[PDB]
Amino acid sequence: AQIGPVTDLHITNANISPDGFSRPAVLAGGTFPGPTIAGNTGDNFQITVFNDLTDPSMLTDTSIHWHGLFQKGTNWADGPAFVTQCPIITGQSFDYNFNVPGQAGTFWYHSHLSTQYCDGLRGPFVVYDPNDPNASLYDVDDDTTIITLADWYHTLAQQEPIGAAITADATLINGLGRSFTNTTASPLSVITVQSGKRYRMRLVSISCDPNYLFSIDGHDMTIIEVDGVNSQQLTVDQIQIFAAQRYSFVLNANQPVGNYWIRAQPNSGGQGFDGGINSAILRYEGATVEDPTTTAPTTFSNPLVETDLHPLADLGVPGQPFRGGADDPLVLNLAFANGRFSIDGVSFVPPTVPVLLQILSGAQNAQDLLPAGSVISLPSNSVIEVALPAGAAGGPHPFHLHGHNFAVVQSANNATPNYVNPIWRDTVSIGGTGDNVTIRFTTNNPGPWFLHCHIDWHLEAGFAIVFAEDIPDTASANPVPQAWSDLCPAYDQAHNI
């Protein structure tokens, strides 16, 4: 069952074996992935998170972010550790009490402390629309139509050795899949459909790192939502999905009753499908209980290309139709060297005092805010443009902005900008060497909003900045509850800070 919009959520340690290999984990709701948190557009969510963690090898503190939810007036509930809060300590709980006006779509939640989400604290978050403009395109949309794609590691996140390459050991689809090495025939996930019906499949990348080439043998996929934003229908036969992105697609159960492979090929780790790695099963009701015998094509006919997506609504693009045609046009220098990432020459290292608390205590320019050089002010009620030219090692980097979605004025692998009708989304691949992926948004949400690469290993290695949006109005806009004010004193006492 789905939980929410008002629910407790306990964070625990447990052993799991999603690929047949047992290791300890950090879990929400006792499962990997965590349970789906759900409600309707405009609802009040009150997620009371109970930190019951005891194993220090995966950190006993925690903090949870609600990815893609704008948190307008509730910046204190956003979750990134040392940006909007101090972590919750073990044996304590905290009510993330917020509303979701004006949003409906497919989201997710995850730890936002260190690399802890990799250790298991990740799950879907769905905001349904009772009046969805896409409702007539499908028959079924429920917990059985959510498809999560996850990387899974045998080595614990905190225990990944400094200086060795990090790759995953299994792809997990709906929490199950097989290991790339020492492969055993552990159970695969089954997604069940009925011949003749149409399904809103909600595809969620909960990845810590790889992008996936997602397909379903014999089928095609009609995209209707991108990172929470309704799209015009776009039919594809493969989706390259980067860390933290979401798509809804209509699956028409229009093939013969049978079994079909579901494929999710990561860009690192095991290549191919030998032994059933990188695989799940689409099973029609009435099919034999057996593995598919289908194959992929050598070449996909209609892969997703980001510039083909367009909003369902008339969203346009703010600003003027040329580079730099914004009130605050920025170009970030994104670099990597010697194990650390940097933005405009500064590698992100989380501060002792969360950025929001520094602002509430009266620090009112961004040059005043710690970490020095990592916090950039944005003016209120202004069009912002951010060019994110690629080239830094470890790409392609999926950049994500908290508090906002954005127009993707320029996409990967295509030098032509689109000032007319590009898709809006919240996580975008910045592409390859020489690219100039560029985003635009308007500043109508006071507070400090993290901008970072969503490859968690890269965030940990410093690939982030904070946009302190409308510093002057942050305090008035974001009244804080006592429990939030209590977090940093409790954390600092527990840690002798």
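If you superpose the two forms and keep the largest set of C-alpha atoms that fall within 1.5 Å, you have the rigid core. All residue numbers are counted from 1 along the displayed sequence.
Peer 1: Which of 157 to 165 and 313 to 321 lies farther, on average, from the shown form in 9 other deposited structures of this protein once the rigid core is superposed (C-alpha RMS)?
Peer 2: After superposing on the rigid core, the more displaced stretch in 9 other deposited structures of this protein is 157 to 165.
Peer 1: Is the mean CA B factor in the deposited entry higher across 385 to 393 or across 192 to 200?
Peer 2: Going by the record's values, the stretch with the higher mean is 192 to 200.
Peer 1: Decide which of the stretches 283 to 291 and 212 to 220 has the higher mean C-alpha B-factor, going by the entry.
Peer 2: The entry gives the higher C-alpha B-factor average to 283 to 291.
Peer 1: Taking the Cα B-factors listed in the entry, which of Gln364, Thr307, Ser207, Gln245 comes out highest?
Peer 2: Answer, based on the entry's C-alpha B-factors: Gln364.
Peer 1: Out of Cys86, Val140, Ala412, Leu356, whose C-alpha atom has the biggest B factor in the entry?
Peer 2: The record points to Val140.
Peer 1: Consider only the C-alpha atoms of the modelled residues in this chain, order them by B-factor as the entry records it, and name the third containing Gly434: lowest, middle or highest.
Peer 2: It falls in the top third of the chain.
Peer 1: By the record's CA B-factor, is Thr352 among the lowest, middle or highest third of residues in the chain?
Peer 2: For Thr352, the deposited C-alpha B-factor lands in the highest third.
Peer 1: Which third of the chain holds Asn444 when residues are ordered by C-alpha B factor: lowest, middle or highest?
Peer 2: It belongs to the highest third of the chain when residues are ordered by C-alpha B-factor.
Peer 1: Split into thirds by Cα B-factor across the chain's modelled residues, where does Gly30 land: lowest, middle or highest?
Peer 2: According to the entry, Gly30 has a C-alpha B-factor in the chain's highest third.
Peer 1: Could you say whether, by C-alpha temperature factor, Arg178 belongs to the lowest, middle or highest third of its chain?
Peer 2: As the PDB entry reports it, the C-alpha B-factor of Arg178 lands in the middle third of its chain.
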